[PDB]
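run26.cif (mmCIF, N, CA and C atoms) appears below.
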```cif
data_upload
#
loop_
_atom_site.group_PDB
_atom_site.id
_atom_site.type_symbol
_atom_site.label_atom_id
_atom_site.label_comp_id
_atom_site.auth_asym_id
_atom_site.auth_seq_id
_atom_site.Cartn_x
_atom_site.Cartn_y
_atom_site.Cartn_z
ATOM 1 N N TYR A 171 20.014 -15.682 5.104
ATOM 2 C CA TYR A 171 20.199 -16.898 4.326
ATOM 3 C C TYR A 171 20.255 -18.110 5.256
ATOM 4 N N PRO A 172 19.635 -19.244 4.887
ATOM 5 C CA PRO A 172 18.958 -19.514 3.616
ATOM 6 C C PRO A 172 17.448 -19.284 3.627
ATOM 7 N N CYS A 173 16.954 -18.446 4.525
ATOM 8 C CA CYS A 173 15.519 -18.199 4.592
ATOM 9 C C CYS A 173 15.077 -17.394 3.376
ATOM 10 N N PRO A 174 14.107 -17.873 2.598
ATOM 11 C CA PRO A 174 13.695 -17.139 1.394
ATOM 12 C C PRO A 174 12.851 -15.924 1.751
ATOM 13 N N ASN A 175 13.144 -14.802 1.092
ATOM 14 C CA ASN A 175 12.446 -13.523 1.291
ATOM 15 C C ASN A 175 12.488 -13.193 2.783
ATOM 16 N N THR A 176 11.368 -12.842 3.407
ATOM 17 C CA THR A 176 11.304 -12.562 4.834
ATOM 18 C C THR A 176 10.309 -13.518 5.474
ATOM 19 N N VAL A 177 10.691 -14.105 6.605
ATOM 20 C CA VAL A 177 9.856 -15.062 7.319
ATOM 21 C C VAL A 177 9.563 -14.518 8.709
ATOM 22 N N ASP A 178 8.452 -14.965 9.288
ATOM 23 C CA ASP A 178 8.100 -14.593 10.651
ATOM 24 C C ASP A 178 8.564 -15.669 11.623
ATOM 25 N N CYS A 179 9.206 -15.244 12.705
ATOM 26 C CA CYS A 179 9.633 -16.145 13.763
ATOM 27 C C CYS A 179 9.087 -15.651 15.095
ATOM 28 N N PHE A 180 8.829 -16.590 15.999
ATOM 29 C CA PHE A 180 8.114 -16.305 17.235
ATOM 30 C C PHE A 180 9.007 -16.583 18.435
ATOM 31 N N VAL A 181 9.059 -15.624 19.354
ATOM 32 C CA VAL A 181 9.968 -15.665 20.493
ATOM 33 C C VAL A 181 9.247 -16.268 21.689
ATOM 34 N N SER A 182 9.932 -17.158 22.403
ATOM 35 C CA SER A 182 9.361 -17.775 23.592
ATOM 36 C C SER A 182 9.357 -16.803 24.766
ATOM 37 N N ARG A 183 8.206 -16.709 25.432
ATOM 38 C CA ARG A 183 7.997 -15.925 26.649
ATOM 39 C C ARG A 183 8.551 -14.496 26.550
ATOM 40 N N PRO A 184 8.088 -13.694 25.578
ATOM 41 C CA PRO A 184 8.586 -12.312 25.486
ATOM 42 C C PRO A 184 8.250 -11.458 26.702
ATOM 43 N N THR A 185 7.062 -11.648 27.284
ATOM 44 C CA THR A 185 6.632 -10.787 28.386
ATOM 45 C C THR A 185 7.409 -11.079 29.665
ATOM 46 N N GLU A 186 7.561 -12.360 30.010
ATOM 47 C CA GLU A 186 8.327 -12.723 31.198
ATOM 48 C C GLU A 186 9.786 -12.311 31.051
ATOM 49 N N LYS A 187 10.351 -12.507 29.858
ATOM 50 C CA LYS A 187 11.719 -12.075 29.604
ATOM 51 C C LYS A 187 11.847 -10.564 29.724
ATOM 52 N N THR A 188 10.844 -9.821 29.250
ATOM 53 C CA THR A 188 10.855 -8.370 29.398
ATOM 54 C C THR A 188 10.825 -7.964 30.868
ATOM 55 N N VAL A 189 9.995 -8.633 31.669
ATOM 56 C CA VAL A 189 9.901 -8.304 33.091
ATOM 57 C C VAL A 189 11.237 -8.553 33.786
ATOM 58 N N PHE A 190 11.849 -9.709 33.516
ATOM 59 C CA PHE A 190 13.129 -10.023 34.148
ATOM 60 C C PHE A 190 14.232 -9.092 33.654
ATOM 61 N N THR A 191 14.175 -8.702 32.379
ATOM 62 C CA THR A 191 15.135 -7.745 31.842
ATOM 63 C C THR A 191 15.008 -6.399 32.543
ATOM 64 N N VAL A 192 13.771 -5.957 32.784
ATOM 65 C CA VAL A 192 13.553 -4.708 33.508
ATOM 66 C C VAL A 192 14.120 -4.806 34.917
ATOM 67 N N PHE A 193 13.875 -5.930 35.593
ATOM 68 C CA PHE A 193 14.420 -6.121 36.936
ATOM 69 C C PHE A 193 15.944 -6.029 36.930
ATOM 70 N N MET A 194 16.587 -6.745 36.004
ATOM 71 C CA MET A 194 18.046 -6.760 35.957
ATOM 72 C C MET A 194 18.611 -5.389 35.611
ATOM 73 N N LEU A 195 17.987 -4.684 34.664
ATOM 74 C CA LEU A 195 18.471 -3.358 34.290
ATOM 75 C C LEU A 195 18.324 -2.369 35.438
ATOM 76 N N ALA A 196 17.199 -2.420 36.157
ATOM 77 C CA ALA A 196 17.027 -1.539 37.306
ATOM 78 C C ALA A 196 18.063 -1.833 38.382
ATOM 79 N N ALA A 197 18.317 -3.117 38.648
ATOM 80 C CA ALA A 197 19.321 -3.479 39.643
ATOM 81 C C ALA A 197 20.710 -3.012 39.220
ATOM 82 N N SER A 198 21.036 -3.156 37.933
ATOM 83 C CA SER A 198 22.340 -2.729 37.433
ATOM 84 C C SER A 198 22.502 -1.215 37.532
ATOM 85 N N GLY A 199 21.443 -0.470 37.206
ATOM 86 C CA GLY A 199 21.498 0.975 37.352
ATOM 87 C C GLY A 199 21.667 1.405 38.796
ATOM 88 N N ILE A 200 20.966 0.731 39.711
ATOM 89 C CA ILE A 200 21.140 1.009 41.134
ATOM 90 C C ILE A 200 22.575 0.723 41.558
ATOM 91 N N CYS A 201 23.151 -0.372 41.058
ATOM 92 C CA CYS A 201 24.543 -0.693 41.366
ATOM 93 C C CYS A 201 25.486 0.390 40.857
ATOM 94 N N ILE A 202 25.237 0.893 39.646
ATOM 95 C CA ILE A 202 26.087 1.940 39.078
ATOM 96 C C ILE A 202 26.019 3.201 39.932
ATOM 97 N N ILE A 203 24.802 3.604 40.302
ATOM 98 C CA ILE A 203 24.635 4.799 41.126
ATOM 99 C C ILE A 203 25.303 4.609 42.482
ATOM 100 N N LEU A 204 25.164 3.418 43.065
ATOM 101 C CA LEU A 204 25.771 3.142 44.362
ATOM 102 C C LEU A 204 27.291 3.180 44.281
ATOM 103 N N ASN A 205 27.864 2.642 43.202
ATOM 104 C CA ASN A 205 29.312 2.698 43.026
ATOM 105 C C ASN A 205 29.796 4.136 42.880
ATOM 106 N N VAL A 206 29.064 4.950 42.114
ATOM 107 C CA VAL A 206 29.443 6.354 41.963
ATOM 108 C C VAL A 206 29.379 7.071 43.307
ATOM 109 N N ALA A 207 28.316 6.822 44.078
ATOM 110 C CA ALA A 207 28.190 7.438 45.394
ATOM 111 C C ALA A 207 29.302 6.981 46.329
ATOM 112 N N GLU A 208 29.676 5.702 46.255
ATOM 113 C CA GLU A 208 30.772 5.193 47.072
ATOM 114 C C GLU A 208 32.086 5.875 46.716
ATOM 115 N N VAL A 209 32.341 6.067 45.420
ATOM 116 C CA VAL A 209 33.557 6.760 44.996
ATOM 117 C C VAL A 209 33.557 8.195 45.510
ATOM 118 N N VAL A 210 32.416 8.881 45.404
ATOM 119 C CA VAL A 210 32.334 10.262 45.878
ATOM 120 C C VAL A 210 32.562 10.329 47.385
ATOM 121 N N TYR A 211 31.957 9.405 48.136
ATOM 122 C CA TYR A 211 32.133 9.388 49.585
ATOM 123 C C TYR A 211 33.585 9.120 49.958
ATOM 124 N N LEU A 212 34.240 8.195 49.251
ATOM 125 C CA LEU A 212 35.643 7.909 49.531
ATOM 126 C C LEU A 212 36.525 9.113 49.218
ATOM 127 N N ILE A 213 36.223 9.828 48.132
ATOM 128 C CA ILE A 213 36.976 11.037 47.809
ATOM 129 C C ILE A 213 36.789 12.087 48.897
ATOM 130 N N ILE A 214 35.552 12.260 49.372
ATOM 131 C CA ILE A 214 35.293 13.211 50.453
ATOM 132 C C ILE A 214 36.056 12.807 51.709
ATOM 133 N N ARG A 215 36.122 11.503 51.986
ATOM 134 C CA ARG A 215 36.928 11.017 53.101
ATOM 135 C C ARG A 215 38.396 11.371 52.913
ATOM 136 N N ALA A 216 38.895 11.265 51.678
ATOM 137 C CA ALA A 216 40.284 11.622 51.408
ATOM 138 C C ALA A 216 40.541 13.098 51.684
ATOM 139 N N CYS A 217 39.598 13.961 51.321
ATOM 140 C CA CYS A 217 39.729 15.391 51.580
ATOM 141 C C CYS A 217 39.191 15.750 52.961
ATOM 142 N N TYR B 171 -2.840 -12.840 0.885
ATOM 143 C CA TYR B 171 -3.329 -13.338 2.162
ATOM 144 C C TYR B 171 -3.855 -14.765 1.999
ATOM 145 N N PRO B 172 -3.598 -15.669 2.959
ATOM 146 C CA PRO B 172 -2.927 -15.436 4.241
ATOM 147 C C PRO B 172 -1.431 -15.742 4.252
ATOM 148 N N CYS B 173 -0.781 -15.703 3.100
ATOM 149 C CA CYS B 173 0.645 -15.998 3.047
ATOM 150 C C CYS B 173 1.431 -14.870 3.701
ATOM 151 N N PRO B 174 2.266 -15.152 4.700
ATOM 152 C CA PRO B 174 3.000 -14.075 5.378
ATOM 153 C C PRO B 174 4.150 -13.567 4.520
ATOM 154 N N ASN B 175 4.292 -12.241 4.469
ATOM 155 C CA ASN B 175 5.340 -11.556 3.699
ATOM 156 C C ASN B 175 5.267 -12.058 2.257
ATOM 157 N N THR B 176 6.378 -12.461 1.647
ATOM 158 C CA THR B 176 6.396 -13.002 0.296
ATOM 159 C C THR B 176 6.971 -14.410 0.343
ATOM 160 N N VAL B 177 6.318 -15.342 -0.346
ATOM 161 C CA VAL B 177 6.734 -16.738 -0.377
ATOM 162 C C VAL B 177 7.055 -17.124 -1.813
ATOM 163 N N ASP B 178 7.908 -18.134 -1.969
ATOM 164 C CA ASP B 178 8.232 -18.661 -3.287
ATOM 165 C C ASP B 178 7.362 -19.870 -3.594
ATOM 166 N N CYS B 179 6.792 -19.894 -4.794
ATOM 167 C CA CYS B 179 6.004 -21.021 -5.262
ATOM 168 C C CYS B 179 6.552 -21.498 -6.598
ATOM 169 N N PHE B 180 6.414 -22.794 -6.853
ATOM 170 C CA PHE B 180 7.065 -23.440 -7.985
ATOM 171 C C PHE B 180 6.022 -24.000 -8.941
ATOM 172 N N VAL B 181 6.194 -23.704 -10.225
ATOM 173 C CA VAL B 181 5.218 -24.038 -11.255
ATOM 174 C C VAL B 181 5.595 -25.370 -11.889
ATOM 175 N N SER B 182 4.599 -26.226 -12.095
ATOM 176 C CA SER B 182 4.830 -27.516 -12.730
ATOM 177 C C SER B 182 5.036 -27.360 -14.232
ATOM 178 N N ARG B 183 6.090 -27.998 -14.740
ATOM 179 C CA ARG B 183 6.424 -28.077 -16.162
ATOM 180 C C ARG B 183 6.365 -26.717 -16.872
ATOM 181 N N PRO B 184 7.148 -25.723 -16.423
ATOM 182 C CA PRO B 184 7.128 -24.422 -17.110
ATOM 183 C C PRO B 184 7.604 -24.486 -18.556
ATOM 184 N N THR B 185 8.610 -25.318 -18.841
ATOM 185 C CA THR B 185 9.188 -25.348 -20.184
ATOM 186 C C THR B 185 8.243 -25.997 -21.190
ATOM 187 N N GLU B 186 7.661 -27.142 -20.831
ATOM 188 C CA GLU B 186 6.712 -27.805 -21.720
ATOM 189 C C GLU B 186 5.481 -26.937 -21.946
ATOM 190 N N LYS B 187 4.997 -26.290 -20.883
ATOM 191 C CA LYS B 187 3.867 -25.380 -21.019
ATOM 192 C C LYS B 187 4.216 -24.205 -21.920
ATOM 193 N N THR B 188 5.443 -23.690 -21.810
ATOM 194 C CA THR B 188 5.881 -22.613 -22.694
ATOM 195 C C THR B 188 5.902 -23.067 -24.149
ATOM 196 N N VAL B 189 6.399 -24.279 -24.404
ATOM 197 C CA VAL B 189 6.459 -24.789 -25.774
ATOM 198 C C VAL B 189 5.056 -24.921 -26.357
ATOM 199 N N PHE B 190 4.135 -25.501 -25.583
ATOM 200 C CA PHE B 190 2.770 -25.671 -26.075
ATOM 201 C C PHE B 190 2.072 -24.326 -26.242
ATOM 202 N N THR B 191 2.367 -23.371 -25.358
ATOM 203 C CA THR B 191 1.817 -22.027 -25.489
ATOM 204 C C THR B 191 2.301 -21.367 -26.773
ATOM 205 N N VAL B 192 3.585 -21.536 -27.093
ATOM 206 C CA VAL B 192 4.122 -20.993 -28.338
ATOM 207 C C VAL B 192 3.425 -21.622 -29.535
ATOM 208 N N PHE B 193 3.235 -22.945 -29.501
ATOM 209 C CA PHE B 193 2.537 -23.621 -30.592
ATOM 210 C C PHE B 193 1.130 -23.059 -30.776
ATOM 211 N N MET B 194 0.379 -22.940 -29.676
ATOM 212 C CA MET B 194 -0.997 -22.463 -29.764
ATOM 213 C C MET B 194 -1.061 -21.015 -30.236
ATOM 214 N N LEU B 195 -0.160 -20.163 -29.742
ATOM 215 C CA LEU B 195 -0.160 -18.764 -30.160
ATOM 216 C C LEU B 195 0.188 -18.625 -31.635
ATOM 217 N N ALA B 196 1.166 -19.398 -32.114
ATOM 218 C CA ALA B 196 1.503 -19.354 -33.533
ATOM 219 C C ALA B 196 0.332 -19.817 -34.389
ATOM 220 N N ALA B 197 -0.340 -20.892 -33.970
ATOM 221 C CA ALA B 197 -1.496 -21.376 -34.718
ATOM 222 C C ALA B 197 -2.619 -20.343 -34.730
ATOM 223 N N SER B 198 -2.852 -19.683 -33.594
ATOM 224 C CA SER B 198 -3.900 -18.669 -33.512
ATOM 225 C C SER B 198 -3.579 -17.470 -34.400
ATOM 226 N N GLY B 199 -2.313 -17.048 -34.413
ATOM 227 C CA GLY B 199 -1.918 -15.961 -35.295
ATOM 228 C C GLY B 199 -2.073 -16.319 -36.760
ATOM 229 N N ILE B 200 -1.712 -17.552 -37.121
ATOM 230 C CA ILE B 200 -1.919 -18.018 -38.489
ATOM 231 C C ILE B 200 -3.402 -18.008 -38.833
ATOM 232 N N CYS B 201 -4.249 -18.431 -37.892
ATOM 233 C CA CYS B 201 -5.693 -18.402 -38.115
ATOM 234 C C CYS B 201 -6.192 -16.978 -38.333
ATOM 235 N N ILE B 202 -5.683 -16.029 -37.545
ATOM 236 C CA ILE B 202 -6.098 -14.633 -37.686
ATOM 237 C C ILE B 202 -5.713 -14.101 -39.061
ATOM 238 N N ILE B 203 -4.469 -14.362 -39.473
ATOM 239 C CA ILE B 203 -4.008 -13.898 -40.779
ATOM 240 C C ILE B 203 -4.824 -14.541 -41.893
ATOM 241 N N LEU B 204 -5.127 -15.833 -41.754
ATOM 242 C CA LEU B 204 -5.907 -16.532 -42.768
ATOM 243 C C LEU B 204 -7.322 -15.976 -42.859
ATOM 244 N N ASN B 205 -7.933 -15.658 -41.716
ATOM 245 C CA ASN B 205 -9.266 -15.060 -41.731
ATOM 246 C C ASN B 205 -9.250 -13.691 -42.398
ATOM 247 N N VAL B 206 -8.229 -12.881 -42.106
ATOM 248 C CA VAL B 206 -8.126 -11.569 -42.744
ATOM 249 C C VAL B 206 -7.961 -11.721 -44.252
ATOM 250 N N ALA B 207 -7.110 -12.659 -44.678
ATOM 251 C CA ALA B 207 -6.915 -12.897 -46.104
ATOM 252 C C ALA B 207 -8.197 -13.392 -46.763
ATOM 253 N N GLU B 208 -8.951 -14.246 -46.069
ATOM 254 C CA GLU B 208 -10.223 -14.726 -46.599
ATOM 255 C C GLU B 208 -11.212 -13.582 -46.773
ATOM 256 N N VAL B 209 -11.272 -12.673 -45.796
ATOM 257 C CA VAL B 209 -12.158 -11.516 -45.911
ATOM 258 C C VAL B 209 -11.749 -10.648 -47.094
ATOM 259 N N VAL B 210 -10.444 -10.413 -47.255
ATOM 260 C CA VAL B 210 -9.970 -9.591 -48.369
ATOM 261 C C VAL B 210 -10.303 -10.250 -49.704
ATOM 262 N N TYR B 211 -10.098 -11.566 -49.804
ATOM 263 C CA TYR B 211 -10.402 -12.278 -51.041
ATOM 264 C C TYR B 211 -11.893 -12.221 -51.352
ATOM 265 N N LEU B 212 -12.738 -12.378 -50.333
ATOM 266 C CA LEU B 212 -14.180 -12.303 -50.551
ATOM 267 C C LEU B 212 -14.599 -10.906 -50.993
ATOM 268 N N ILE B 213 -13.986 -9.870 -50.415
ATOM 269 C CA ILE B 213 -14.281 -8.503 -50.841
ATOM 270 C C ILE B 213 -13.870 -8.298 -52.294
ATOM 271 N N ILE B 214 -12.693 -8.802 -52.672
ATOM 272 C CA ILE B 214 -12.246 -8.695 -54.060
ATOM 273 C C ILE B 214 -13.210 -9.426 -54.987
ATOM 274 N N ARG B 215 -13.714 -10.582 -54.549
ATOM 275 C CA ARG B 215 -14.732 -11.291 -55.318
ATOM 276 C C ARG B 215 -15.987 -10.443 -55.479
ATOM 277 N N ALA B 216 -16.377 -9.726 -54.422
ATOM 278 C CA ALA B 216 -17.549 -8.860 -54.505
ATOM 279 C C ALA B 216 -17.347 -7.753 -55.533
ATOM 280 N N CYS B 217 -16.148 -7.181 -55.587
ATOM 281 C CA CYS B 217 -15.840 -6.141 -56.563
ATOM 282 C C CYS B 217 -15.345 -6.746 -57.873
#
```
Can I see the file as structure tokens?
Amino acid sequence: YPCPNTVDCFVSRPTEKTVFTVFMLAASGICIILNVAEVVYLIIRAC
Amino acid sequence: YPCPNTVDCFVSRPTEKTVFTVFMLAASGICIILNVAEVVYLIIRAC
């Protein structure tokens, strides 16, 4: 509401936004894996 | 086509057009009944 029925809307720069989103998601996943590895290494150091 | 999805369109003077349509339909029905009665009367004249 208040758009009647269904309307089409157009997104600015979908492809460039997709590329940057892929970059950020890959970097975030690498960060997650690195944090997990750091925790495992610190635990091994503790033992 | 080419209207995307479903769009709303607005009709000019729907109520006045409805009133005139009712008038014309009633007159046409009266004409039909009168023609049928005329045919029946002419047949009775024949017999």
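Closest approach to chain B among A:177, A:189, A:204, A:210: A:177, based on all atoms listed in the file.
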Could you list, as a PDB file with N, CA and C atoms, in the coordinates of the input, the residues of chain B having an atom within 6.5 Å of chain A when counting all atoms listed in the file?
```pdb
ATOM      1  N   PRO B 174       2.266 -15.152   4.700  1.00  0.00           N
ATOM      2  CA  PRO B 174       3.000 -14.075   5.378  1.00  0.00           C
ATOM      3  C   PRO B 174       4.150 -13.567   4.520  1.00  0.00           C
ATOM      4  N   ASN B 175       4.292 -12.241   4.469  1.00  0.00           N
ATOM      5  CA  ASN B 175       5.340 -11.556   3.699  1.00  0.00           C
ATOM      6  C   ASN B 175       5.267 -12.058   2.257  1.00  0.00           C
ATOM      7  N   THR B 176       6.378 -12.461   1.647  1.00  0.00           N
ATOM      8  CA  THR B 176       6.396 -13.002   0.296  1.00  0.00           C
ATOM      9  C   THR B 176       6.971 -14.410   0.343  1.00  0.00           C
TER      10      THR B 176
END
```
Mobile chain A fitted to chain B over all in-order Cα pairs, reported as a short mmCIF file (atom, residue, chain, number, x, y, z; two decimals) with N, CA and C atoms, in the frame of the given file:
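As written to disk, result17.cif reads:
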```
data_model
loop_
_atom_site.label_atom_id
_atom_site.label_comp_id
_atom_site.auth_asym_id
_atom_site.auth_seq_id
_atom_site.Cartn_x
_atom_site.Cartn_y
_atom_site.Cartn_z
N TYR A 171 -2.84 -12.84 0.89
CA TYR A 171 -3.33 -13.34 2.16
C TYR A 171 -3.85 -14.76 2.00
N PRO A 172 -3.60 -15.67 2.96
CA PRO A 172 -2.93 -15.44 4.24
C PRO A 172 -1.43 -15.74 4.25
N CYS A 173 -0.78 -15.70 3.10
CA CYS A 173 0.65 -16.00 3.05
C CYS A 173 1.43 -14.87 3.70
N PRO A 174 2.27 -15.15 4.70
CA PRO A 174 3.00 -14.07 5.38
C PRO A 174 4.15 -13.57 4.52
N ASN A 175 4.29 -12.24 4.47
CA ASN A 175 5.34 -11.56 3.70
C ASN A 175 5.27 -12.06 2.26
N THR A 176 6.38 -12.46 1.65
CA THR A 176 6.40 -13.00 0.30
C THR A 176 6.97 -14.41 0.34
N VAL A 177 6.32 -15.34 -0.35
CA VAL A 177 6.74 -16.74 -0.38
C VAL A 177 7.06 -17.12 -1.81
N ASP A 178 7.91 -18.13 -1.97
CA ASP A 178 8.23 -18.66 -3.29
C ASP A 178 7.36 -19.87 -3.59
N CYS A 179 6.79 -19.89 -4.79
CA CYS A 179 6.00 -21.02 -5.26
C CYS A 179 6.55 -21.50 -6.60
N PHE A 180 6.41 -22.79 -6.85
CA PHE A 180 7.06 -23.44 -7.98
C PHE A 180 6.02 -24.00 -8.94
N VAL A 181 6.19 -23.70 -10.23
CA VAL A 181 5.22 -24.04 -11.25
C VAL A 181 5.59 -25.37 -11.89
N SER A 182 4.60 -26.23 -12.10
CA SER A 182 4.83 -27.52 -12.73
C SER A 182 5.04 -27.36 -14.23
N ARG A 183 6.09 -28.00 -14.74
CA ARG A 183 6.42 -28.08 -16.16
C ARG A 183 6.37 -26.72 -16.87
N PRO A 184 7.15 -25.72 -16.42
CA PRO A 184 7.13 -24.42 -17.11
C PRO A 184 7.60 -24.49 -18.56
N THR A 185 8.61 -25.32 -18.84
CA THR A 185 9.19 -25.35 -20.18
C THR A 185 8.24 -26.00 -21.19
N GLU A 186 7.66 -27.14 -20.83
CA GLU A 186 6.71 -27.80 -21.72
C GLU A 186 5.48 -26.94 -21.95
N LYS A 187 5.00 -26.29 -20.88
CA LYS A 187 3.87 -25.38 -21.02
C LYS A 187 4.22 -24.21 -21.92
N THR A 188 5.44 -23.69 -21.81
CA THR A 188 5.88 -22.61 -22.69
C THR A 188 5.90 -23.07 -24.15
N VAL A 189 6.40 -24.28 -24.40
CA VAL A 189 6.46 -24.79 -25.77
C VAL A 189 5.06 -24.92 -26.36
N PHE A 190 4.14 -25.50 -25.58
CA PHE A 190 2.77 -25.67 -26.07
C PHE A 190 2.07 -24.33 -26.24
N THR A 191 2.37 -23.37 -25.36
CA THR A 191 1.82 -22.03 -25.49
C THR A 191 2.30 -21.37 -26.77
N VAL A 192 3.59 -21.54 -27.09
CA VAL A 192 4.12 -20.99 -28.34
C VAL A 192 3.43 -21.62 -29.54
N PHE A 193 3.24 -22.94 -29.50
CA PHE A 193 2.54 -23.62 -30.59
C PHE A 193 1.13 -23.06 -30.78
N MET A 194 0.38 -22.94 -29.68
CA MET A 194 -1.00 -22.46 -29.76
C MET A 194 -1.06 -21.02 -30.24
N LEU A 195 -0.16 -20.16 -29.74
CA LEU A 195 -0.16 -18.76 -30.16
C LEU A 195 0.19 -18.63 -31.64
N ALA A 196 1.17 -19.40 -32.11
CA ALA A 196 1.50 -19.35 -33.53
C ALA A 196 0.33 -19.82 -34.39
N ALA A 197 -0.34 -20.89 -33.97
CA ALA A 197 -1.50 -21.38 -34.72
C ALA A 197 -2.62 -20.34 -34.73
N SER A 198 -2.85 -19.68 -33.59
CA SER A 198 -3.90 -18.67 -33.51
C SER A 198 -3.58 -17.47 -34.40
N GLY A 199 -2.31 -17.05 -34.41
CA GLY A 199 -1.92 -15.96 -35.29
C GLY A 199 -2.07 -16.32 -36.76
N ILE A 200 -1.71 -17.55 -37.12
CA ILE A 200 -1.92 -18.02 -38.49
C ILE A 200 -3.40 -18.01 -38.83
N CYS A 201 -4.25 -18.43 -37.89
CA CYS A 201 -5.69 -18.40 -38.11
C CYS A 201 -6.19 -16.98 -38.33
N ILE A 202 -5.68 -16.03 -37.54
CA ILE A 202 -6.10 -14.63 -37.69
C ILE A 202 -5.71 -14.10 -39.06
N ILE A 203 -4.47 -14.36 -39.47
CA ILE A 203 -4.01 -13.90 -40.78
C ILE A 203 -4.82 -14.54 -41.89
N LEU A 204 -5.13 -15.83 -41.75
CA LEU A 204 -5.91 -16.53 -42.77
C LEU A 204 -7.32 -15.98 -42.86
N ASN A 205 -7.93 -15.66 -41.72
CA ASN A 205 -9.27 -15.06 -41.73
C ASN A 205 -9.25 -13.69 -42.40
N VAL A 206 -8.23 -12.88 -42.11
CA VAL A 206 -8.13 -11.57 -42.74
C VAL A 206 -7.96 -11.72 -44.25
N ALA A 207 -7.11 -12.66 -44.68
CA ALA A 207 -6.92 -12.90 -46.10
C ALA A 207 -8.20 -13.39 -46.76
N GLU A 208 -8.95 -14.25 -46.07
CA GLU A 208 -10.22 -14.73 -46.60
C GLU A 208 -11.21 -13.58 -46.77
N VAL A 209 -11.27 -12.67 -45.80
CA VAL A 209 -12.16 -11.52 -45.91
C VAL A 209 -11.75 -10.65 -47.09
N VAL A 210 -10.44 -10.41 -47.26
CA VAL A 210 -9.97 -9.59 -48.37
C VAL A 210 -10.30 -10.25 -49.70
N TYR A 211 -10.10 -11.57 -49.80
CA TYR A 211 -10.40 -12.28 -51.04
C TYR A 211 -11.89 -12.22 -51.35
N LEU A 212 -12.74 -12.38 -50.33
CA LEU A 212 -14.18 -12.30 -50.55
C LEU A 212 -14.60 -10.90 -50.99
N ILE A 213 -13.99 -9.87 -50.42
CA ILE A 213 -14.28 -8.50 -50.84
C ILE A 213 -13.87 -8.30 -52.29
N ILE A 214 -12.69 -8.80 -52.67
CA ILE A 214 -12.25 -8.69 -54.06
C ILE A 214 -13.21 -9.43 -54.99
N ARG A 215 -13.71 -10.58 -54.55
CA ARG A 215 -14.73 -11.29 -55.32
C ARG A 215 -15.99 -10.44 -55.48
N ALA A 216 -16.38 -9.73 -54.42
CA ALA A 216 -17.55 -8.86 -54.51
C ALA A 216 -17.35 -7.75 -55.53
N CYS A 217 -16.15 -7.18 -55.59
CA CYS A 217 -15.84 -6.14 -56.56
C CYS A 217 -15.35 -6.75 -57.87
#
```
Using 6 Å of padding on each side, determine the axis-aligned box around all atoms of range 174-186 of chain A present in the file and give its centre and edge lengths in Å to one decimal, as AutoDock Vina command-line options.
```
--center_x 10.4 --center_y -14.3 --center_z 16.1 --size_x 19.5 --size_y 19.1 --size_z 42.1
```
In Å, how far is it from atom C of residue 217 in chain A to CA of residue 203 in chain A?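 Atom-to-atom, atom C of residue 217 in chain A and CA of residue 203 in chain A are spaced 21.7 Å apart.
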Model the absent atoms of range 203-212 of chain A so that N, CA, C and O atoms are present, and write the result as an mmCIF file, in the frame of the given file.
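Generated file (result.cif):
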```
data_model
loop_
_atom_site.group_PDB
_atom_site.id
_atom_site.type_symbol
_atom_site.label_atom_id
_atom_site.label_comp_id
_atom_site.auth_asym_id
_atom_site.auth_seq_id
_atom_site.Cartn_x
_atom_site.Cartn_y
_atom_site.Cartn_z
ATOM 1 N N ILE A 203 24.802 3.604 40.302
ATOM 2 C CA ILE A 203 24.635 4.799 41.126
ATOM 3 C C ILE A 203 25.303 4.609 42.482
ATOM 4 O O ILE A 203 25.945 5.527 43.010
ATOM 5 N N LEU A 204 25.164 3.418 43.065
ATOM 6 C CA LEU A 204 25.771 3.142 44.362
ATOM 7 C C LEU A 204 27.291 3.180 44.281
ATOM 8 O O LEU A 204 27.953 3.685 45.192
ATOM 9 N N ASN A 205 27.864 2.642 43.202
ATOM 10 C CA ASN A 205 29.312 2.698 43.026
ATOM 11 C C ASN A 205 29.796 4.136 42.880
ATOM 12 O O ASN A 205 30.826 4.516 43.450
ATOM 13 N N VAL A 206 29.064 4.950 42.114
ATOM 14 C CA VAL A 206 29.443 6.354 41.963
ATOM 15 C C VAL A 206 29.379 7.071 43.307
ATOM 16 O O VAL A 206 30.281 7.842 43.665
ATOM 17 N N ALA A 207 28.316 6.822 44.078
ATOM 18 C CA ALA A 207 28.190 7.438 45.394
ATOM 19 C C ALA A 207 29.302 6.981 46.329
ATOM 20 O O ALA A 207 29.815 7.772 47.128
ATOM 21 N N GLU A 208 29.676 5.702 46.255
ATOM 22 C CA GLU A 208 30.772 5.193 47.072
ATOM 23 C C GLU A 208 32.086 5.875 46.716
ATOM 24 O O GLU A 208 32.871 6.232 47.603
ATOM 25 N N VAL A 209 32.341 6.067 45.420
ATOM 26 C CA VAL A 209 33.557 6.760 44.996
ATOM 27 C C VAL A 209 33.557 8.195 45.510
ATOM 28 O O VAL A 209 34.576 8.691 46.008
ATOM 29 N N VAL A 210 32.416 8.881 45.404
ATOM 30 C CA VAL A 210 32.334 10.262 45.878
ATOM 31 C C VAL A 210 32.562 10.329 47.385
ATOM 32 O O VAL A 210 33.278 11.210 47.882
ATOM 33 N N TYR A 211 31.957 9.405 48.136
ATOM 34 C CA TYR A 211 32.133 9.388 49.585
ATOM 35 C C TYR A 211 33.585 9.120 49.958
ATOM 36 O O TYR A 211 34.122 9.743 50.881
ATOM 37 N N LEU A 212 34.240 8.195 49.251
ATOM 38 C CA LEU A 212 35.643 7.909 49.531
ATOM 39 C C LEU A 212 36.525 9.113 49.218
ATOM 40 O O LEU A 212 37.480 9.400 49.950
#
```
